[PDB]
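> I am sharing entry.txt, which consists of compact mmCIF, C-alpha atoms:
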```txt
# COMPACT_ATOMS: atom_id res chain seq x y z
CA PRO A 1 0.00 0.00 0.00
CA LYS A 2 1.00 3.59 -0.71
CA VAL A 3 0.91 6.16 2.09
CA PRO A 4 -0.64 9.61 1.55
CA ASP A 5 2.56 11.09 2.97
CA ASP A 6 4.50 9.29 0.23
CA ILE A 7 1.93 10.25 -2.42
CA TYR A 8 2.26 13.94 -1.52
CA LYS A 9 6.06 13.45 -1.62
CA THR A 10 6.44 15.85 1.30
CA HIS A 11 10.16 15.01 1.39
CA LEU A 12 10.71 16.44 -2.10
CA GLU A 13 8.57 19.56 -1.68
CA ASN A 14 10.45 22.66 -0.55
CA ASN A 15 9.56 22.61 3.16
CA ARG A 16 9.89 26.35 3.74
CA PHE A 17 8.14 25.86 7.10
CA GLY A 18 9.86 22.79 8.54
CA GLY A 19 8.28 20.90 11.41
CA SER A 20 5.79 23.63 12.34
CA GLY A 21 3.66 24.18 9.24
CA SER A 22 2.27 20.62 9.04
CA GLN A 23 1.16 19.99 12.64
CA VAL A 24 -2.36 21.40 12.11
CA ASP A 25 -4.88 18.71 11.12
CA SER A 26 -7.96 20.63 10.04
CA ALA A 27 -11.20 18.96 9.02
CA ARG A 28 -10.72 19.77 5.33
CA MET A 29 -7.16 18.49 4.99
CA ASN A 30 -8.24 15.41 6.94
CA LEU A 31 -10.97 14.83 4.36
CA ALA A 32 -8.43 15.29 1.56
CA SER A 33 -6.01 12.82 3.16
CA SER A 34 -8.83 10.31 3.61
CA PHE A 35 -9.81 10.65 -0.05
CA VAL A 36 -6.15 10.12 -1.00
CA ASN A 37 -5.46 7.11 1.23
CA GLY A 38 -8.70 5.88 -0.32
CA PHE A 39 -8.58 6.36 -4.10
CA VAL A 40 -4.80 5.73 -4.21
CA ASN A 41 -4.86 2.45 -2.27
CA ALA A 42 -8.33 1.65 -3.62
CA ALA A 43 -9.19 -1.73 -5.18
CA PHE A 44 -6.21 -3.47 -3.54
CA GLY A 45 -8.25 -4.61 -0.53
CA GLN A 46 -5.48 -3.53 1.83
CA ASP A 47 -3.99 -0.46 3.48
CA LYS A 48 -1.44 0.16 6.23
CA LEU A 49 -3.28 3.13 7.78
CA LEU A 50 -7.02 2.77 7.07
CA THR A 51 -7.85 -0.82 8.07
CA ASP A 52 -6.03 -0.65 11.43
CA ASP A 53 -6.26 3.03 12.46
CA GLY A 54 -9.65 3.77 10.93
CA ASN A 55 -11.57 4.76 14.06
CA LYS A 56 -8.92 6.97 15.67
CA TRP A 57 -8.47 8.86 12.40
CA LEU A 58 -12.24 9.03 11.90
CA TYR A 59 -12.84 10.62 15.30
CA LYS A 60 -10.77 13.65 14.28
CA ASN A 61 -13.39 14.65 11.68
CA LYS A 62 -16.64 16.54 12.22
CA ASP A 63 -20.04 15.72 10.71
CA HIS A 64 -19.44 15.53 6.96
CA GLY A 65 -15.70 14.92 7.30
CA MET A 66 -16.18 11.88 9.52
CA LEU A 67 -18.87 10.62 7.14
CA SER A 68 -16.44 10.83 4.23
CA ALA A 69 -13.69 9.16 6.27
CA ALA A 70 -16.02 6.29 7.15
CA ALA A 71 -16.99 5.95 3.48
CA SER A 72 -13.32 5.83 2.48
CA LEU A 73 -12.93 3.13 5.13
CA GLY A 74 -14.60 0.72 2.72
CA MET A 75 -13.47 2.72 -0.31
CA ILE A 76 -10.08 1.15 0.41
CA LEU A 77 -11.40 -2.31 -0.47
CA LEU A 78 -13.30 -2.37 -3.75
CA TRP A 79 -14.52 -5.66 -5.26
CA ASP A 80 -13.98 -7.65 -2.01
CA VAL A 81 -17.54 -8.13 -0.78
CA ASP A 82 -17.26 -10.51 2.17
CA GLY A 83 -13.86 -9.29 3.36
CA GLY A 84 -14.88 -5.66 3.02
CA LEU A 85 -18.08 -6.24 4.98
CA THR A 86 -16.16 -8.09 7.70
CA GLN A 87 -13.63 -5.26 7.98
CA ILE A 88 -16.35 -2.57 7.94
CA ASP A 89 -18.87 -4.10 10.37
CA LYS A 90 -16.80 -2.88 13.32
CA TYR A 91 -17.27 0.73 12.20
CA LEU A 92 -20.88 -0.06 11.30
CA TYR A 93 -21.18 -0.66 15.06
CA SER A 94 -19.27 2.56 15.79
CA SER A 95 -19.71 4.42 19.07
CA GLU A 96 -21.00 7.55 17.35
CA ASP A 97 -24.32 6.81 15.65
CA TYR A 98 -23.36 9.39 13.01
CA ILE A 99 -20.48 7.14 11.86
CA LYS A 100 -23.10 4.61 10.72
CA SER A 101 -23.91 6.58 7.57
CA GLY A 102 -20.24 6.62 6.59
CA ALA A 103 -20.02 2.91 7.37
CA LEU A 104 -22.97 2.27 5.05
CA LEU A 105 -21.29 4.38 2.35
CA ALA A 106 -18.10 2.34 2.75
CA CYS A 107 -20.04 -0.93 2.60
CA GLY A 108 -21.77 0.17 -0.60
CA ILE A 109 -18.50 1.30 -2.16
CA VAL A 110 -16.85 -2.02 -1.30
CA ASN A 111 -19.74 -3.84 -2.96
CA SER A 112 -19.62 -1.26 -5.77
CA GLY A 113 -18.92 -3.03 -9.04
CA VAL A 114 -19.68 -6.46 -7.54
CA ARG A 115 -23.13 -8.05 -7.22
CA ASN A 116 -23.94 -10.82 -4.73
CA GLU A 117 -26.94 -13.04 -5.39
CA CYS A 118 -28.32 -12.48 -1.87
CA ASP A 119 -27.78 -8.69 -1.95
CA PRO A 120 -26.68 -7.79 1.60
CA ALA A 121 -27.12 -4.05 1.03
CA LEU A 122 -30.90 -4.17 0.57
CA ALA A 123 -31.31 -6.23 3.74
CA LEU A 124 -29.11 -3.78 5.64
CA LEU A 125 -31.05 -0.74 4.41
CA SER A 126 -34.57 -2.21 4.61
CA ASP A 127 -35.03 -1.16 8.25
CA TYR A 128 -32.92 2.00 7.89
CA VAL A 129 -34.34 3.79 4.82
CA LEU A 130 -37.10 5.23 7.03
CA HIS A 131 -34.63 6.10 9.80
CA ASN A 132 -35.46 9.53 11.18
CA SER A 133 -31.99 11.08 11.22
CA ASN A 134 -31.10 12.24 7.72
CA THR A 135 -27.43 11.27 7.62
CA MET A 136 -27.70 7.56 8.42
CA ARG A 137 -30.48 7.12 5.86
CA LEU A 138 -28.30 8.98 3.36
CA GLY A 139 -25.45 6.57 4.07
CA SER A 140 -27.72 3.56 3.61
CA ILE A 141 -29.09 4.91 0.32
CA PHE A 142 -25.60 5.65 -0.99
CA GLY A 143 -24.43 2.19 0.04
CA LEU A 144 -27.33 0.75 -1.93
CA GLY A 145 -26.46 2.93 -4.92
CA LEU A 146 -22.77 2.02 -5.00
CA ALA A 147 -23.33 -1.68 -4.32
CA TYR A 148 -26.43 -1.88 -6.56
CA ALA A 149 -25.33 0.59 -9.24
CA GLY A 150 -27.50 -0.01 -12.29
CA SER A 151 -29.38 -2.95 -10.76
CA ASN A 152 -32.81 -1.59 -11.76
CA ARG A 153 -34.31 -3.88 -9.12
CA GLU A 154 -37.99 -3.03 -8.72
CA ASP A 155 -37.82 -3.65 -4.96
CA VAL A 156 -35.35 -0.81 -4.41
CA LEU A 157 -37.42 1.65 -6.44
CA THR A 158 -40.63 0.59 -4.69
CA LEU A 159 -39.00 1.10 -1.29
CA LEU A 160 -37.61 4.47 -2.40
CA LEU A 161 -41.09 5.63 -3.41
CA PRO A 162 -42.02 5.95 0.30
CA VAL A 163 -38.67 7.74 0.61
CA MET A 164 -39.76 10.14 -2.14
CA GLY A 165 -43.06 10.66 -0.32
CA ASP A 166 -41.30 11.06 3.04
CA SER A 167 -41.65 14.80 3.53
CA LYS A 168 -39.92 14.38 6.90
CA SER A 169 -36.63 13.75 5.07
CA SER A 170 -34.39 16.78 4.63
CA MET A 171 -33.52 18.45 1.33
CA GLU A 172 -30.09 16.80 1.17
CA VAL A 173 -31.77 13.45 1.84
CA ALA A 174 -34.22 14.26 -0.96
CA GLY A 175 -31.39 14.94 -3.40
CA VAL A 176 -29.58 11.76 -2.39
CA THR A 177 -32.80 9.78 -2.85
CA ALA A 178 -33.30 11.28 -6.30
CA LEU A 179 -29.72 10.41 -7.24
CA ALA A 180 -30.16 6.85 -5.98
CA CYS A 181 -33.45 6.36 -7.83
CA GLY A 182 -31.80 7.65 -11.00
CA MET A 183 -28.79 5.38 -10.56
CA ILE A 184 -31.05 2.35 -10.05
CA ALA A 185 -32.61 2.97 -13.48
CA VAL A 186 -29.70 4.63 -15.28
CA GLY A 187 -30.61 5.00 -18.94
CA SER A 188 -33.97 3.24 -18.75
CA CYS A 189 -36.74 5.89 -18.62
CA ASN A 190 -38.41 4.07 -15.73
CA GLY A 191 -42.11 4.78 -16.05
CA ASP A 192 -42.85 4.46 -12.34
CA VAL A 193 -39.75 6.44 -11.37
CA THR A 194 -40.54 8.86 -14.19
CA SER A 195 -43.99 9.55 -12.75
CA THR A 196 -42.60 9.80 -9.21
CA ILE A 197 -39.97 12.39 -10.14
CA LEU A 198 -42.48 14.23 -12.35
CA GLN A 199 -44.96 14.55 -9.49
CA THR A 200 -42.20 15.54 -7.07
CA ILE A 201 -40.87 18.32 -9.29
CA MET A 202 -44.30 19.77 -10.14
CA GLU A 203 -45.25 19.55 -6.45
CA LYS A 204 -42.02 21.41 -5.64
CA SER A 205 -42.34 24.96 -4.30
CA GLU A 206 -40.43 27.99 -5.57
CA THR A 207 -39.51 29.18 -2.07
CA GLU A 208 -37.95 25.79 -1.31
CA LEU A 209 -36.71 25.59 -4.93
CA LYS A 210 -34.47 28.68 -4.91
CA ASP A 211 -32.02 26.76 -2.71
CA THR A 212 -28.78 25.48 -4.21
CA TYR A 213 -29.61 21.89 -3.20
CA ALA A 214 -32.57 21.74 -5.62
CA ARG A 215 -30.24 21.10 -8.59
CA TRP A 216 -30.25 17.29 -8.23
CA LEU A 217 -33.87 16.67 -9.28
CA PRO A 218 -33.11 17.27 -12.98
CA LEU A 219 -30.06 15.09 -12.31
CA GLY A 220 -32.33 12.20 -11.37
CA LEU A 221 -34.72 12.90 -14.23
CA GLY A 222 -31.87 12.74 -16.73
CA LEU A 223 -30.29 9.70 -15.07
CA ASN A 224 -33.55 7.80 -15.44
CA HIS A 225 -33.94 9.23 -18.97
CA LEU A 226 -30.21 9.16 -19.75
CA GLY A 227 -29.27 8.17 -23.29
CA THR B 1 -43.21 -28.21 2.26
CA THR B 2 -43.76 -29.25 5.89
CA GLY B 3 -42.48 -25.84 7.00
CA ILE B 4 -38.84 -26.38 6.01
CA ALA B 5 -36.42 -23.98 4.33
CA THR B 6 -33.76 -24.98 1.80
CA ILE B 7 -31.87 -21.76 2.44
CA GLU B 8 -28.74 -21.31 0.32
CA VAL B 9 -25.86 -19.64 2.17
CA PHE B 10 -22.95 -17.62 0.78
CA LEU B 11 -19.78 -18.33 2.74
CA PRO B 12 -17.00 -15.73 2.63
CA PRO B 13 -14.10 -16.31 0.21
CA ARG B 14 -11.77 -16.39 3.24
CA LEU B 15 -13.16 -19.82 4.17
CA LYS B 16 -12.08 -22.16 1.36
CA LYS B 17 -15.48 -23.75 0.76
CA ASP B 18 -18.25 -23.67 -1.83
CA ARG B 19 -19.51 -20.13 -2.36
CA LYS B 20 -23.13 -21.33 -2.63
CA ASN B 21 -24.24 -24.01 -0.17
CA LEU B 22 -27.66 -25.56 0.38
CA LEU B 23 -28.83 -25.85 4.00
CA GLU B 24 -31.78 -27.93 5.19
CA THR B 25 -33.60 -26.67 8.28
CA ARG B 26 -37.02 -26.34 9.88
CA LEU B 27 -39.04 -23.12 10.24
CA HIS B 28 -40.03 -23.14 13.94
CA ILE B 29 -36.47 -22.34 15.07
CA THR B 30 -35.12 -18.82 15.55
CA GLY B 31 -32.15 -17.00 14.06
CA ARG B 32 -29.82 -18.27 16.79
CA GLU B 33 -30.62 -21.87 15.83
CA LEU B 34 -30.18 -20.92 12.16
CA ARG B 35 -26.65 -19.67 12.82
CA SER B 36 -25.89 -22.69 15.02
CA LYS B 37 -26.92 -25.04 12.21
CA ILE B 38 -24.92 -22.98 9.71
CA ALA B 39 -21.91 -23.45 12.00
CA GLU B 40 -22.58 -27.19 12.27
CA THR B 41 -22.96 -27.65 8.50
CA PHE B 42 -20.26 -25.31 7.10
CA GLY B 43 -17.95 -24.90 10.11
CA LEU B 44 -18.18 -21.19 10.90
CA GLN B 45 -18.78 -19.34 14.16
CA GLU B 46 -22.50 -19.05 14.83
CA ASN B 47 -22.36 -15.77 16.78
CA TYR B 48 -19.60 -14.30 14.57
CA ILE B 49 -21.57 -14.58 11.29
CA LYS B 50 -24.37 -12.24 10.19
CA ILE B 51 -26.97 -13.67 7.81
CA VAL B 52 -29.45 -11.71 5.68
CA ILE B 53 -32.62 -13.64 4.80
CA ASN B 54 -35.13 -12.64 2.11
CA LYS B 55 -33.80 -9.08 1.79
CA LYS B 56 -33.76 -8.85 5.60
CA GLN B 57 -31.35 -9.41 8.47
CA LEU B 58 -31.37 -12.29 10.92
CA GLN B 59 -33.60 -12.00 13.99
CA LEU B 60 -31.99 -13.96 16.82
CA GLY B 61 -34.99 -13.49 19.11
CA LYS B 62 -37.46 -14.21 16.30
CA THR B 63 -38.27 -17.62 14.87
CA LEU B 64 -37.47 -18.61 11.29
CA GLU B 65 -41.15 -18.52 10.31
CA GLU B 66 -41.58 -14.90 11.42
CA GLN B 67 -38.06 -13.77 10.44
CA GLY B 68 -38.56 -14.24 6.68
CA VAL B 69 -36.80 -17.58 6.17
CA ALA B 70 -38.35 -19.46 3.25
CA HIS B 71 -37.51 -22.13 0.69
CA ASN B 72 -34.29 -21.65 -1.29
CA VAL B 73 -33.85 -18.26 0.41
CA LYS B 74 -30.51 -16.51 0.00
CA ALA B 75 -28.24 -15.60 2.91
CA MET B 76 -24.89 -13.89 3.49
CA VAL B 77 -22.19 -15.20 5.80
CA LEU B 78 -21.14 -11.92 7.43
CA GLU B 79 -18.08 -12.67 9.52
CA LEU B 80 -17.98 -10.19 12.40
CA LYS B 81 -14.75 -9.17 14.11
CA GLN B 82 -16.95 -9.07 17.22
CA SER B 83 -20.16 -10.89 18.07
CA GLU B 84 -23.30 -8.83 17.52
CA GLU B 85 -24.04 -8.54 21.24
CA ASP B 86 -20.33 -8.60 22.07
CA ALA B 87 -19.59 -6.03 19.37
CA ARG B 88 -22.41 -3.79 20.60
CA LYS B 89 -21.29 -3.96 24.22
CA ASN B 90 -17.58 -3.52 23.53
CA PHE B 91 -17.96 -0.64 21.09
CA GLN B 92 -20.40 1.08 23.45
CA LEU B 93 -17.76 0.71 26.16
CA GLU B 94 -15.18 2.06 23.67
CA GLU B 95 -16.68 5.51 23.16
```
Can I see the file as structure tokens?


Amino acid sequence: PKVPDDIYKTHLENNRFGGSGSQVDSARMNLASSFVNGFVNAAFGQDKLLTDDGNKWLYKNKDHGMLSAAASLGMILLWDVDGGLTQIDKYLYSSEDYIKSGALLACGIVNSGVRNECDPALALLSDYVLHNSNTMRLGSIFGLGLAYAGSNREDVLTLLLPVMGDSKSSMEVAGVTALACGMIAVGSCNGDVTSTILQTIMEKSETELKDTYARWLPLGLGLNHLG
Amino acid sequence: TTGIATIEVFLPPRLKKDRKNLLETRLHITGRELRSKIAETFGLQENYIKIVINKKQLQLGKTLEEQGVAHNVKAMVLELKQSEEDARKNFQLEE
């Protein structure tokens, strides 16, 4: 495995501030380092800093940053379904309930590109798609999307329909749900999903439409009607 | 048929065994008995494996009939670094 420190080649860079300018671990640079020690070491199913020191590193992030770190947790191991799930269940049972969304994201990314006949992701998310807190439901939906990318399984769309009708879900959750429903039926023009998104967008209000997070609904419409 | 389930289980690649295995069991038993029989038939820890049945997770306190187990139903073999109850308790202690 490659180390993010090696990838950045900090030895070669002109360290004008030596030993004092790199001791600050902000949330943003932590997220960047997680994304690096993810993508870089991704698909090898191994890492010398993420599989063993995942939780301590994760705790240093806040809200979104910790979510992304948890997702990268499994992002390390792509295409290894059983091993990835075994290595990610411990964080799925993390102390902070907010880590669970990132754990679901990591589980979906591990399963991303690989389909198992018994489909663990749907079973995991069946009792969590209605979960009241937005972030954990978002993590479950994204895990489903990555693991089940392009599945077009009618069960997932039917379950998401209550998600579409769940006004309790937040705007970010709504955008994630639209993206997931589009990814399920990428390039298919799903009639049921088509009608659902149509009704959602007409039912949408201008006051709650002016927001910057309302730009994903056409994303889902196109994804369903892509190509 | 007589309330029995021919559930097919998916063992992890770590255990060098058949990926798809057919398991014969009754329906009046609970998830704990399901995992115990999985251990007896395929040699894997009962409490260290998580099984998803019929697009749903295992219910240790619920019987097979009410937990979704059916004929030829699929099921993961989710090896857990910690037992579900043990994992819960230990990671709640580690907070």

> For chain A, which residues have at least one atom within 6 Å of chain B, if we go by only C-alpha atoms? Write them as a short mmCIF file (atom, residue, chain, number, x, y, z; two decimals) with C-alpha atoms, in the frame of the given file, please.


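Saved to part21.cif:
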```
data_model
loop_
_atom_site.label_atom_id
_atom_site.label_comp_id
_atom_site.auth_asym_id
_atom_site.auth_seq_id
_atom_site.Cartn_x
_atom_site.Cartn_y
_atom_site.Cartn_z
CA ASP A 82 -17.26 -10.51 2.17
CA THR A 86 -16.16 -8.09 7.70
CA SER A 95 -19.71 4.42 19.07
CA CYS A 118 -28.32 -12.48 -1.87
CA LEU A 122 -30.90 -4.17 0.57
CA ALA A 123 -31.31 -6.23 3.74
#
```

> Have a look at atom CA of residue B:66 and atom CA of residue A:142 and let me know their distance in Å, one decimal.

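If I compute the distance from atom CA of residue B:66 to atom CA of residue A:142, I get 28.8 Å.
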
> To one decimal place, how far is atom CA of residue B:22 from atom CA of residue A:113 in Å?

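We find that atom CA of residue B:22 and atom CA of residue A:113 lie 25.9 Å from each other.
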
> Go through A:164, A:197, A:171, A:110 and flag the residue nearest residue A:143, using only C-alpha atoms for the distances.

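Closest candidate: A:110.
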
> Between A:100, A:2, A:48, A:60, single out the one closest to residue A:27, counting all atoms listed in the file.

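Ranked by minimum distance to residue A:27, first place goes to A:60.
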
> Just the residues within 12 Å of residue A:131, please, counting all atoms listed in the file, with nothing from its chain fewer than 2 positions along; format it as an NGL selection string.

:A and (97 or 100-101 or 125-129 or 133-141 or 163 or 166 or 168-170 or 173)

> Find the residues around residue A:181 up to 7 Å (only C-alpha atoms counted), leave out those fewer than 4 positions away in its own chain, and share them as a PDB file with C-alpha atoms, keeping the file's coordinate frame.


```pdb
ATOM      1  CA  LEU A 157     -37.420   1.650  -6.440  1.00  0.00           C
ATOM      2  CA  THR A 177     -32.800   9.780  -2.850  1.00  0.00           C
ATOM      3  CA  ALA A 185     -32.610   2.970 -13.480  1.00  0.00           C
ATOM      4  CA  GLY A 220     -32.330  12.200 -11.370  1.00  0.00           C
TER       5      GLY A 220
END
```

> Could you please determine the separation between atom CA of residue A:8 and atom CA of residue A:39 in Å, to one decimal place?

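Between atom CA of residue A:8 and atom CA of residue A:39 the gap is 13.5 Å.
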
> So that I can check the surroundings of residue A:51, please list as a PyMOL selection string every protein, DNA and RNA residue that reaches within 10 Å of it, counting only C-alpha atoms and ignoring chain neighbours fewer than 2 positions away.

chain A and resi 45-49+53-55+73-74+76-77+84+87-88

> Add whatever atoms are absent from stretch 44-63 of chain A to reach N, CA, C and O atoms, and provide the output as a CSV table (one decimal), in the frame of the given file.


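out.csv, freshly written:
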```
chain,number,residue,atom,x,y,z
A,44,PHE,N,-7.2,-2.5,-4.0
A,44,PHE,CA,-6.2,-3.5,-3.5
A,44,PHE,C,-6.6,-4.3,-2.3
A,44,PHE,O,-6.0,-5.2,-1.9
A,45,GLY,N,-7.8,-3.9,-1.7
A,45,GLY,CA,-8.2,-4.6,-0.5
A,45,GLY,C,-7.3,-4.6,0.7
A,45,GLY,O,-7.5,-5.4,1.6
A,46,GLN,N,-6.4,-3.6,0.7
A,46,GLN,CA,-5.5,-3.5,1.8
A,46,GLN,C,-5.0,-2.1,2.0
A,46,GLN,O,-5.1,-1.3,1.0
A,47,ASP,N,-4.5,-1.8,3.2
A,47,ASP,CA,-4.0,-0.5,3.5
A,47,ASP,C,-3.3,-0.5,4.9
A,47,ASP,O,-3.8,-1.2,5.8
A,48,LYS,N,-2.2,0.2,5.0
A,48,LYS,CA,-1.4,0.2,6.2
A,48,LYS,C,-1.9,1.2,7.2
A,48,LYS,O,-1.3,1.3,8.3
A,49,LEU,N,-2.8,2.1,6.9
A,49,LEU,CA,-3.3,3.1,7.8
A,49,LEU,C,-4.8,3.2,7.9
A,49,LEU,O,-5.3,3.9,8.9
A,50,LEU,N,-5.6,2.6,7.0
A,50,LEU,CA,-7.0,2.8,7.1
A,50,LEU,C,-7.7,1.6,7.7
A,50,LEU,O,-8.7,1.8,8.4
A,51,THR,N,-7.2,0.4,7.5
A,51,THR,CA,-7.8,-0.8,8.1
A,51,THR,C,-7.6,-1.0,9.6
A,51,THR,O,-8.4,-1.5,10.3
A,52,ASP,N,-6.4,-0.5,10.0
A,52,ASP,CA,-6.0,-0.6,11.4
A,52,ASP,C,-6.2,0.6,12.3
A,52,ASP,O,-6.5,0.4,13.5
A,53,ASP,N,-6.1,1.8,11.7
A,53,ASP,CA,-6.3,3.0,12.5
A,53,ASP,C,-7.5,3.8,12.0
A,53,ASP,O,-7.5,5.0,12.0
A,54,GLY,N,-8.5,3.1,11.5
A,54,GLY,CA,-9.6,3.8,10.9
A,54,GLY,C,-10.4,4.6,11.9
A,54,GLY,O,-10.8,5.8,11.6
A,55,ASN,N,-10.7,4.1,13.1
A,55,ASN,CA,-11.6,4.8,14.1
A,55,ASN,C,-10.9,6.0,14.7
A,55,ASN,O,-11.5,7.0,14.8
A,56,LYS,N,-9.6,5.8,15.1
A,56,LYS,CA,-8.9,7.0,15.7
A,56,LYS,C,-8.8,8.1,14.7
A,56,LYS,O,-9.1,9.3,15.0
A,57,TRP,N,-8.5,7.8,13.4
A,57,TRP,CA,-8.5,8.9,12.4
A,57,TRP,C,-9.9,9.4,12.1
A,57,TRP,O,-10.0,10.6,11.9
A,58,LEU,N,-10.9,8.6,12.2
A,58,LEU,CA,-12.2,9.0,11.9
A,58,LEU,C,-12.7,10.0,13.0
A,58,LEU,O,-13.4,11.0,12.6
A,59,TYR,N,-12.4,9.8,14.2
A,59,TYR,CA,-12.8,10.6,15.3
A,59,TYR,C,-12.4,12.1,15.1
A,59,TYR,O,-13.1,13.0,15.6
A,60,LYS,N,-11.3,12.3,14.4
A,60,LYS,CA,-10.8,13.6,14.3
A,60,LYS,C,-11.6,14.5,13.3
A,60,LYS,O,-11.4,15.7,13.3
A,61,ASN,N,-12.5,13.9,12.6
A,61,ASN,CA,-13.4,14.6,11.7
A,61,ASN,C,-14.7,15.1,12.3
A,61,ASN,O,-15.1,14.6,13.4
A,62,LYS,N,-15.4,16.0,11.7
A,62,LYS,CA,-16.6,16.5,12.2
A,62,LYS,C,-17.7,16.4,11.2
A,62,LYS,O,-17.6,16.8,10.0
A,63,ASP,N,-18.9,15.8,11.6
A,63,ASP,CA,-20.0,15.7,10.7
A,63,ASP,C,-19.7,15.1,9.3
A,63,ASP,O,-19.5,13.9,9.2
```
